[PDB]
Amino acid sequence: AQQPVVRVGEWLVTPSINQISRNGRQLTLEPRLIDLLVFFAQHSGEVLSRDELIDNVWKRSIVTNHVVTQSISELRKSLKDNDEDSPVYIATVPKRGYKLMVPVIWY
């Protein structure tokens, strides 16, 4: 039985099984997305450039600037989980990149 390592906003994250979870809602994500989410949480409330995200989350793969942007949309979509009352988790900072806007608790 697996312990969450971190809480991002309303979601407990358990990277060992690629899972996020919220109040009786469990979701498995792709591992790269977990890795992106974990990177944001380690650098929370910091502006992260497309470049920082590529270097750290896509290590030893080349990707386009555009893979990042579509990964970001997929992660926003999973973090929202169809709840229109959800905060913004990942905010776009114009011309600069992205910032994780929710509280993080490490366990």
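Note that residue numbering follows the sequence shown and begins at 1.
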Residue range whose averaged C-alpha B-factor is higher in the record, 57-65 or 76-84: 57-65
B-factor third for the C-alpha atom of residue 44 within its chain: highest
Where the record places residue 26 (Cα B-factor, split into thirds across the chain): highest
Among modelled residues of the same chain, the CA temperature factor third for residue 90: lowest
